[PDB]
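Protein chains in written order, with the entry's author numbering: chain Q3, 2 to 92; chain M9, 65 to 127; chain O8, 2 to 78; chain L2, 2 to 253; chain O9, 2 to 51; chain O4, 2 to 113. All C-beta atoms, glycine included, are put in the ideal place defined by N, C-alpha and C.
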Amino acid sequence: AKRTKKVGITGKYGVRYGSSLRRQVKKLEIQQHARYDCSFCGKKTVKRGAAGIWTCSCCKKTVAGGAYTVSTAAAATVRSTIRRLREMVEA
Amino acid sequence: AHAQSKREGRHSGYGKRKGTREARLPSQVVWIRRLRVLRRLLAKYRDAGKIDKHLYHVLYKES
Amino acid sequence: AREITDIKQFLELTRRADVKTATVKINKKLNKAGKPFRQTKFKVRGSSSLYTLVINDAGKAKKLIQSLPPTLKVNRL
Amino acid sequence: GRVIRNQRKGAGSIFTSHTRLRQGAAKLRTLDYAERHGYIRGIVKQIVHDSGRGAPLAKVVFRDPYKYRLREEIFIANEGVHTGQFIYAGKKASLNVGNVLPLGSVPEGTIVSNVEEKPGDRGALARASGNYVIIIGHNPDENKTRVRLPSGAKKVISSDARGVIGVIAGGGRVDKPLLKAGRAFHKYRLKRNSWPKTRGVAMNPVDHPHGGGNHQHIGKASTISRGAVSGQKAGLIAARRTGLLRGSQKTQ
Amino acid sequence: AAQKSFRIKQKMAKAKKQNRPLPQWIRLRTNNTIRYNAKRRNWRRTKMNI
Amino acid sequence: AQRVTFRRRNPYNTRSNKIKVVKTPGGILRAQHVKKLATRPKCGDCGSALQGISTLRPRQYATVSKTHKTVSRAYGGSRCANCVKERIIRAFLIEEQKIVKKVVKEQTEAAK
RNA sequence: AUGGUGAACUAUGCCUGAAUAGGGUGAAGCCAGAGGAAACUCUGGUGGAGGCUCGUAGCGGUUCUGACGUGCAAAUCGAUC
RNA sequence: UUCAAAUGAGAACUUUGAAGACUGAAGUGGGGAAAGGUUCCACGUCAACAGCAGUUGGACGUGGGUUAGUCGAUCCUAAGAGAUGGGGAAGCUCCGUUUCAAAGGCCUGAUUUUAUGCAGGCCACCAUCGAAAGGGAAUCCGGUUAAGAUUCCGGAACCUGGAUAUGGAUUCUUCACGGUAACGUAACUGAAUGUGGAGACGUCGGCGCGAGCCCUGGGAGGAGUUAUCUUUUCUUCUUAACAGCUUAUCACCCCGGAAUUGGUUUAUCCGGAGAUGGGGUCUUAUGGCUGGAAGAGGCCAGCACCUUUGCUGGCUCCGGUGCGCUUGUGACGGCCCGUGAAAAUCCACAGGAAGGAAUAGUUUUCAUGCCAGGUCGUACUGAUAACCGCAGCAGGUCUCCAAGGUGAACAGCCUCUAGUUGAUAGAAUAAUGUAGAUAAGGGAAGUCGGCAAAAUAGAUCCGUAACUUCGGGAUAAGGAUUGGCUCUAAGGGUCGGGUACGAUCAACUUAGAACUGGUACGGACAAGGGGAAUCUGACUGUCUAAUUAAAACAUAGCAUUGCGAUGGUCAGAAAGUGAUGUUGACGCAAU
Ligand SMILES: [Mg+2]
Ligand SMILES: [Mg+2]
Ligand SMILES: [Mg+2]
Ligand SMILES: [Mg+2]
Ligand SMILES: [Mg+2]
Ligand SMILES: [Mg+2]
Ligand SMILES: [Mg+2]
Ligand SMILES: [Mg+2]
Ligand SMILES: [Mg+2]
Ligand SMILES: [Mg+2]
Ligand SMILES: [Mg+2]
Ligand SMILES: [Mg+2]
Ligand SMILES: [Mg+2]
Ligand SMILES: [Mg+2]
Ligand SMILES: [Mg+2]
Ligand SMILES: [Mg+2]
Ligand SMILES: [Mg+2]
Ligand SMILES: [Mg+2]
Ligand SMILES: [Mg+2]
Ligand SMILES: [Mg+2]
Ligand SMILES: [Mg+2]
Ligand SMILES: [Mg+2]
Ligand SMILES: [Mg+2]
Ligand SMILES: [Mg+2]
Ligand SMILES: [Mg+2]
Ligand SMILES: [Mg+2]
Ligand SMILES: [Mg+2]
Ligand SMILES: [Mg+2]
Ligand SMILES: [Mg+2]
Ligand SMILES: [Mg+2]
Ligand SMILES: [Mg+2]
Ligand SMILES: [Mg+2]
Ligand SMILES: [Mg+2]
Ligand SMILES: [Mg+2]
Ligand SMILES: [Mg+2]
Ligand SMILES: [Mg+2]
Ligand SMILES: [Mg+2]
Ligand SMILES: [Mg+2]
Ligand SMILES: [Mg+2]
Ligand SMILES: [Mg+2]
Ligand SMILES: [Mg+2]
Ligand SMILES: [Mg+2]
Ligand SMILES: [Mg+2]
Ligand SMILES: [Mg+2]
Ligand SMILES: [Mg+2]
Ligand SMILES: [Mg+2]
Ligand SMILES: [Mg+2]
Ligand SMILES: [Mg+2]
Ligand SMILES: [Mg+2]
Ligand SMILES: [Mg+2]
Ligand SMILES: [Mg+2]
Ligand SMILES: [Mg+2]
Ligand SMILES: [Mg+2]
Ligand SMILES: [Mg+2]
Ligand SMILES: [Mg+2]
Ligand SMILES: [Mg+2]
Ligand SMILES: [Mg+2]
Ligand SMILES: [Mg+2]
Ligand SMILES: [Mg+2]
Ligand SMILES: [Mg+2]
Ligand SMILES: [Mg+2]
Ligand SMILES: [Mg+2]
Ligand SMILES: [Mg+2]
Ligand SMILES: [Mg+2]
Ligand SMILES: [Mg+2]
Ligand SMILES: [Mg+2]
Ligand SMILES: [Mg+2]
Ligand SMILES: [Mg+2]
Ligand SMILES: [Mg+2]
Ligand SMILES: [Mg+2]
Ligand SMILES: [Mg+2]
Ligand SMILES: [Mg+2]
Ligand SMILES: [Mg+2]
Ligand SMILES: [Mg+2]
Ligand SMILES: [Mg+2]
Ligand SMILES: [Mg+2]
Ligand SMILES: [Mg+2]
Ligand SMILES: [Mg+2]
Ligand SMILES: [Mg+2]
Ligand SMILES: [Mg+2]
Ligand SMILES: [Mg+2]
Ligand SMILES: [Mg+2]
Ligand SMILES: [Mg+2]
Ligand SMILES: [Mg+2]
Ligand SMILES: [Mg+2]
Ligand SMILES: [Mg+2]
Ligand SMILES: [Mg+2]
Ligand SMILES: [Mg+2]
Ligand SMILES: [Mg+2]
Ligand SMILES: [Mg+2]
Ligand SMILES: [Mg+2]
Ligand SMILES: [Mg+2]
Ligand SMILES: [Mg+2]
Ligand SMILES: [Mg+2]
Ligand SMILES: [Mg+2]
Ligand SMILES: [Mg+2]
Ligand SMILES: [Mg+2]
Ligand SMILES: [Mg+2]
Ligand SMILES: [Mg+2]
Ligand SMILES: [Zn+2]
C-alpha cells in the first residue's frame, strides 16, 4: 500500500530543510542502514554502527569501511592496484 | 452500583465519551489480541494433526 | 537459620561442645483435611546459627525429649 | 577595546579539547629492531569508534620480543582491515592492505596512510577519514622517497619513513548534509568549544575589527597582511587571491 | 548543616555555652560595672558566619 | 495508600539508591535498599556469559567455594568450551602443518 | 595611578548526578491480497520515524501598556500567552 | 468560621469536647540535600518581641536530649588541583607532573654469636589533594523515649582481619571422582610471570515477567444505618534480613540430516557454519515451600483494680480478576559526522618453582569452632515563620514515596489516610474604586489599532480549496450527532478426544434496536475562532535579569582565506613555557 510517493525514509523530516538536502540525505541513509553480504561466511548480515565500522550479525567479524557504505569506490580501486603492484614483486 | 451499570453496557454513549476511541482502547492492543489467538489456534491444530504442517505454514503467514 | 531433619545428626548437635541452650516449642496445627494434631519444634542454639528440628508426630516427640542431655539447658515452650 | 575572540582561544580555557572519551592516541609501533630489520606479526583484536574522530581505530596487539607478555597498539584503521586479520610490520614486510612498510620498500604508485614525516615519529601524514598519500617515486641515494599528500602538496621524506598500506576508513563522511543545527551541535560536543559562530560584523567595535556602523559591513578590505599583529588578523589572512574560484583547480 | 565536621560542631558547641544571661552575682562585686550581658546572641537575629 | 521513605541520608534516585517496597511482620510497608544487580562473567575468546559460573558482584566472589568459580575442563571458568575446542584443533593442526613446512623446505635445501 | 578581593548572582566550557501527565500524527522495515501481454501499477494490514504536533508539570515572559506603584516584593501579583 | 466547657486577675485569639470547612495525595501528608545551629523536648513563664491580643510561641528563664564492625564519612578515581631533581624570574613567585632525575619496596631465604646484616629473583609501579548524588566488604524484624534510633533493648544474621584446632575430604595410581557432552560436587596443593573477567556505564519504543498498590468472592471477628430498604456500609485477617530445597527468558550439548523449505515475533528473523523434532547442561533476576516464625505483630471476647497496671481465653483462614497504577527487570527493535567515565578492589585461568605418604603424610577456597572491629556525624527545620531576600517578606531555593470516583489522564472538580482550620476584630453597605458577572435593539458606527471582552472548543461520523520542496496546507473550511433507561449482536482462556463437537471460568470494548423527558444530554469541570492577502525572517532554537523577544543573534546550506609540524592561528615578563593537539587537510584555524 505504497505509503509515500517519493520521500521514502526521508519522510521523517517533514517539510523542513528543503527538498534537495533531503534528496542527498535519503541516498546515504538508504546506504547506511541497509544489510550487506559478509565476505567471510556469506550471510547478508553485515550492518553498520558508527561511521566506517561494519560488523557481522552472526560470525561477528568486523570490517573497516566507508562512512555510509561498506566498500567505497576509492578503497576498492586501491585494493586492485595494490594487487597489481604486489604481483610485480613475486612475478 | 455504577460499575455494574457500566458492565451492563450503560453510560457508554457518544456523550459519555471524552478521550479518542484510540485512547480508550489502543488499535494495536486489539491486533496483538487477535493475532496471538490466530497464531495459537494454528499451533494446536498442527500439534494434533487437524491441520497438516504445510497448510499450517501457509495460514501462518496468511494470518 | 537452619532446618534439620535427621534425628541422628540432631542428637549429635545437642552434644556438640558449644551448645549451651535449647528450646522446645509446641504448636497446635491441623492435619490434611479434617482434625488437628500437635507439632513440636526442637531448637538447638549453635554459636553461629539456630538449628531447628520439626517432629510432627508426638509419639516420636515424647521419647526424643528424655534423650536431651541432662546438662543441656532446655527452655520448655 | 576588548580582546577579540580569536585571541581568547589561545589561552585554552573553555577552549581545550573534549577528550574524556577518546580511545587513546593512535600511533604506529616504536621503530624497534624487528620492524626495521624484518617484520613482526600482530592481530587486529577489535576495531572501534574513536569519539570525536571521523575514522575508526583498530586495536592491534603484538608480542613483546624482549620480555614475555603482550603489548598493544592503537592504529587508525585503513579501509578493509578486519578483526582477526594478521598484521605485518617491518622493512621486510609484504605489500598488503593493513601492513606497515618503509616508503623505501614500496613501488611508485603505492597507496599508504598515517605516514611518518620523519622515521619513527609514529605517524603523521593522512589520518583523517578518507585520506591517503601516494608514493610518486624515490631517489635511492640519500634514500628519499617523494610523495603526494592529500592537500596536493608534494613532499620528499626519508625512505625509512613508515606508512600503512591502504586508505583510512570512514570515507565519505562529509558527503552527507548535517541538516540541522543539532547535528553540528553534537558534532562539536565531542571536539571543542568552537560552535556556533557569531559574525564579527554583528558585534560592536570593542569586540571586533568588523564591529559597529549603522548597517552591517566590513568597512575596509578584509584581506589582512601576514604581518598583522594579534587583534588584526580576522578575515582573509594573507589571501593571495579572493573571489569565486572559477575553473578547475587540481595542482599542475 | 545536618552532617557536620567536628570543627564546625565545636564552634557550634562553644556558642551554645556563651548564650546565657549575666550571672547575677557579678552585679554585687565591688565596683562592678557590668549591668547585662552585652554580647548575647540569638539564632534568628544574627548569624554566626560559621 | 501507605507511602514510604528512603532509609539512608541520600535523597536522590541514583543507581546506588534503589528501593524496594516490602511488607513487614508489623503489618506495615517499609523501604529496602537493593544492591545493584550482579552481571555474568564473560568468555575471553568470544565474549558470552560463560555457563557453570556463579554471578556475584566482584568482591562477593571471595566469599564463595572455588567450585562456584569454575567448570572442570582446561581454561575452566575462563573460556567457553566451544572456544576451547577451537584452540585445541587449531593447536594440533598448526603444530602438525609446522612439521610439514619443515621437511619440505629441508627438501628445498636438499634438491634444487 | 598602584597594590589587592570576587564566577554564592550571571556568562561559557569540562566532570559527575537527577528530572519531564495524557493526547494527535503515522516516516523506514515487514506480511497478505488485487490488476496487467509485458514493464510494472494497486489495495488492506503491520510497525512506530521526527531539533513533528495538542497540551500539563517544567523552562520562558506576549499582552492587558490589568493589579501594586511610601508594594508582599529595589521586578512582585492576576489573567492571557 | 461557630457553640460550650476548662483555665486564668483578664480569654474573638490558650486547652479540651462538639460543629462547619480546607489541603485533596503534582498535599497544608510522610522524609531528606544545601543552609541554619539547639530552633528539638520538659518544666517555669509574659517586661520586650509575634505591626489587634495573648494565659500561647520558633520569645524569655531553667534543665534534659543526638549511643553504629554493617548508615555516611573515612578508601577510589573524574574534570581539575598541586609538592618534588629541574628551568624562568630582581623578587613576591611563574613553568613542568614523569617532566632531561643515581627517585624506591616486596617476598622469603640466609641467622640458629642475635636480631635482621645478605644470599636469589623479581616490580620499575613515580607524590599527594579532589565526589556526605559517581565506584564501594557486611543487618534485619519486633519493641522501647518527654525528646534517640537500620545506632538502645530483644531475637536472628552477615562482613573484614586475626588466630586455630576437631570432623570431613585426599593419598600405596600421591596432588578427587562422576557425565558421550554441555557440565556435576561439601571439599579436591599451586610460587614467579602472563592473561581474562567483573567494577563498567546512551537514549527512546513496544512486547514479556516480578514487586507493591488498586479492584473483588467466601469465611471468622469488631464497628456504623435500620420509620422503611439493604444475606448491607465501613474495617482486621500480617510475615524482615538471612538460610535449605526448588524455580528462567537467554545461552549451550547429544541424537538427527531438512524443498512441498520449515520454525517463528506484536515488531521478519533464523537453518547443511546443521533448522523444525525428541532428549539433556547452565545463570538464580524472580517466585514457590520450609527454617527464621508465631513465641512477633494484628483483631476481639471474658474477668480483675487508686495503684505497677495486670490476668485469662480465643481468632489471625481459603480464593478470583487485568491494555489497571507506580516501579523494577528481561529478551528485542529505532537513532548517531553524538556510538554514550575512571580508578580502587574481587575473582578466574595459563603456567608449573616448589613441597608432600604406607607406617603414615598432605590439605583450610568443605563444615563446625575462638577472638577483635578505632575515630568524627547522628537532635530538629527544610520553608506563605527554623535557609537566602534588613523581617515570622504573596519572591527565591536540588530530590524520593503517592489512595477512590469521574475522565484519555499524575488535568479540573469531589472524597479516605494524614494535616490544618494560621492570615486583627466588630457595625454598616454612600461615592470612586479593585476583582467576578448580565444587559433590550444595533453590531466596530468606538478607537492609532477590535485594546478589552465575547464567540469557538471534547468525541463519533460526514465533508474538506489555493498552493506545494509531495512530506504538507488540515481539527482547512463546512456539517450532523451526544442523556437516562431496556434489549440485541460481535469479539476470549482452561482441559480430556483411536495412533464433528462438548465442559466450565473470566473480562469493557465496538456497533445496532426499542422505550423515555418542558428537545435536554462534552449538562459542572474541561476545551482550537475561522478565512483572503501584503511586508518580513526559511524552519526548531537565541538575547538586552529590572521599559526593546523583533524583521536582531544563531543555524543547516553556499563561498572565500591560511596552513604539511623547522607549520597555521592564538597564549606568556620569561622559559627545557602553553592552547588547537589523545590532533594532520574527509583536519585545525580565520572571514
Ligand atoms: Mg498502528
Ligand atoms: Mg496486550
Ligand atoms: Mg492465545
Ligand atoms: Mg515463513
Ligand atoms: Mg584590551
Ligand atoms: Mg587537555
Ligand atoms: Mg558555544
Ligand atoms: Mg560564519
Ligand atoms: Mg557558516
Ligand atoms: Mg554565524
Ligand atoms: Mg549589535
Ligand atoms: Mg581595521
Ligand atoms: Mg577596533
Ligand atoms: Mg563595521
Ligand atoms: Mg553585510
Ligand atoms: Mg534569615
Ligand atoms: Mg543579615
Ligand atoms: Mg483498603
Ligand atoms: Mg534518615
Ligand atoms: Mg561450577
Ligand atoms: Mg553453580
Ligand atoms: Mg556558579
Ligand atoms: Mg537515568
Ligand atoms: Mg509522555
Ligand atoms: Mg486531542
Ligand atoms: Mg507528547
Ligand atoms: Mg494475474
Ligand atoms: Mg508516538
Ligand atoms: Mg517541538
Ligand atoms: Mg508545540
Ligand atoms: Mg488536553
Ligand atoms: Mg525556553
Ligand atoms: Mg506577568
Ligand atoms: Mg501596567
Ligand atoms: Mg494606589
Ligand atoms: Mg500555557
Ligand atoms: Mg479568629
Ligand atoms: Mg475539598
Ligand atoms: Mg491534582
Ligand atoms: Mg502553612
Ligand atoms: Mg526531619
Ligand atoms: Mg536554622
Ligand atoms: Mg517547641
Ligand atoms: Mg505584657
Ligand atoms: Mg519573635
Ligand atoms: Mg502585637
Ligand atoms: Mg501586649
Ligand atoms: Mg530556652
Ligand atoms: Mg537550653
Ligand atoms: Mg557501607
Ligand atoms: Mg577510616
Ligand atoms: Mg607547581
Ligand atoms: Mg582522596
Ligand atoms: Mg562516595
Ligand atoms: Mg556514593
Ligand atoms: Mg522500630
Ligand atoms: Mg532515651
Ligand atoms: Mg524523631
Ligand atoms: Mg542488637
Ligand atoms: Mg545472638
Ligand atoms: Mg575468617
Ligand atoms: Mg569426592
Ligand atoms: Mg587484570
Ligand atoms: Mg576489562
Ligand atoms: Mg558510572
Ligand atoms: Mg541484606
Ligand atoms: Mg528441552
Ligand atoms: Mg541426554
Ligand atoms: Mg520516576
Ligand atoms: Mg552500544
Ligand atoms: Mg569472576
Ligand atoms: Mg628455587
Ligand atoms: Mg573457610
Ligand atoms: Mg533524624
Ligand atoms: Mg515550619
Ligand atoms: Mg517568603
Ligand atoms: Mg507540617
Ligand atoms: Mg496581613
Ligand atoms: Mg473588616
Ligand atoms: Mg446588547
Ligand atoms: Mg450580526
Ligand atoms: Mg463591518
Ligand atoms: Mg471616529
Ligand atoms: Mg473608524
Ligand atoms: Mg497604526
Ligand atoms: Mg487611523
Ligand atoms: Mg485580545
Ligand atoms: Mg452570551
Ligand atoms: Mg488555510
Ligand atoms: Mg439516544
Ligand atoms: Mg458473548
Ligand atoms: Mg505593507
Ligand atoms: Mg524566526
Ligand atoms: Mg528587558
Ligand atoms: Mg542596563
Ligand atoms: Mg518570542
Ligand atoms: Mg519584554
Ligand atoms: Mg540559498
Ligand atoms: Mg631554557
Ligand atoms: Zn559473516
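Task: CB contact below 8 Å: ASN205 (chain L2) versus chain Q3 - done: no
Open item on the list: Let's see if you can read the secondary structure: which residues bound the alpha helix (DSSP H) around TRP95 (chain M9)?
Closed with: 91-110
TODO: Pull up the DSSP beta-bridge partners for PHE43 (chain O8), would you.
DONE: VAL25 (chain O8), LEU54 (chain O8)
Open item on the list: If contacts are defined as beta-carbon pairs under 8 Å, then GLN3 (chain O4) and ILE20 (chain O4) qualify, I think. What distance do you get, rounded to the angstrom?
Closed with: Contact doesn't hold; Cβ gap of about 14 Å is too wide.
- [ ] Measuring alpha carbon to alpha carbon, tell me which of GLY248 (chain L2), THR20 (chain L2), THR199 (chain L2) ends up nearest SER52 (chain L2).
- [x] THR20 (chain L2)
Task: Selection of the stretch 94-116 of chain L2 by Cβ proximity to chain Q3, strictly under 8 Å - done: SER95, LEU96, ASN97, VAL98, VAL107, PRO108, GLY110, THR111, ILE112
Task: Contact list for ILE48 (chain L2) against chain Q3, beta-carbon separation under 7 Å - done: From the beta-carbon of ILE48 (chain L2), the residues of chain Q3 found nearer than 7 Å are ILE54, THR63, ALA65.
Task: Residues that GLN47 (chain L2) bridges to, as DSSP identifies them - done: Paired residues: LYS60 (chain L2).
Open item on the list: If we require 3 or more residues per run, which beta strand (DSSP E) segments fall completely within the stretch 49-82 of chain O4?
Closed with: Fully enclosed beta strand (DSSP E) runs of 3 or longer: not present.
Open item on the list: On the criterion of 16 or more Cβ atoms from any shown chain inside 10 Å, does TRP55 (chain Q3) qualify as buried, or is it exposed?
Closed with: Classification of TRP55 (chain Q3): buried, given that the 10 Å Cβ count is 16 or more.
Task: Beta-carbon proximity list for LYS103 (chain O4), same chain, < 7 Å, skipping 5 on both sides - done: none
Task: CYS57 (chain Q3) in three-state terms, based on DSSP - done: It is a strand residue.
Open item on the list: One question on the structure: do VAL62 (chain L2) and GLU73 (chain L2) come within less than 8 Å of each other, judged by their Cβ atoms?
Closed with: yes
Open item on the list: At the level of alpha carbons, what is the spacing between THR70 (chain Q3) and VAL16 (chain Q3)?
Closed with: Between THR70 (chain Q3) and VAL16 (chain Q3), the C-alpha separation is close to 27 Å.
Task: Alpha-carbon spacing of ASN28 (chain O8) relative to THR41 (chain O8), whole angstroms - done: Roughly 6 Å separates the two Cα atoms.
- [ ] Would you decide whether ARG30 (chain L2) is buried or exposed? Buried here means 16 or more other CB atoms lie within 10 Å of its CB.
- [x] Under this definition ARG30 (chain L2) is a buried residue.
TODO: Give a yes or no on whether the minimum CB-CB distance between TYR69 (chain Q3) and chain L2 is below 8 Å.
DONE: yes
TODO: Verify the CB distance criterion: does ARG80 (chain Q3) have a CB-CB separation below 8 Å to chain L2?
DONE: yes
Task: Residue span of the beta strand (DSSP E) that contains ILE77 (chain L2), given as start and end - done: 71-77
- [ ] State buried or exposed for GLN19 (chain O9), treating a residue as buried only when at least 16 other CB atoms are found within 10 Å of its CB.
- [x] exposed
Open item on the list: Below 7 Å, is the gap between the Cβ of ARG10 (chain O4) and the nearest heavy atom of ligand 19?
Closed with: yes
TODO: Could you please give the first and the last residue of the uninterrupted beta strand (DSSP E) stretch that includes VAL148 (chain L2)?
DONE: 145-149
Open item on the list: With a threshold of 8 Å between beta-carbons, can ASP65 (chain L2) be considered close to chain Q3, or not?
Closed with: no
TODO: Under 6 Å Cβ to Cβ from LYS86 (chain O4), same chain only, skipping five residues before and after it: list those, please.
DONE: Hits under 6 Å: none found.
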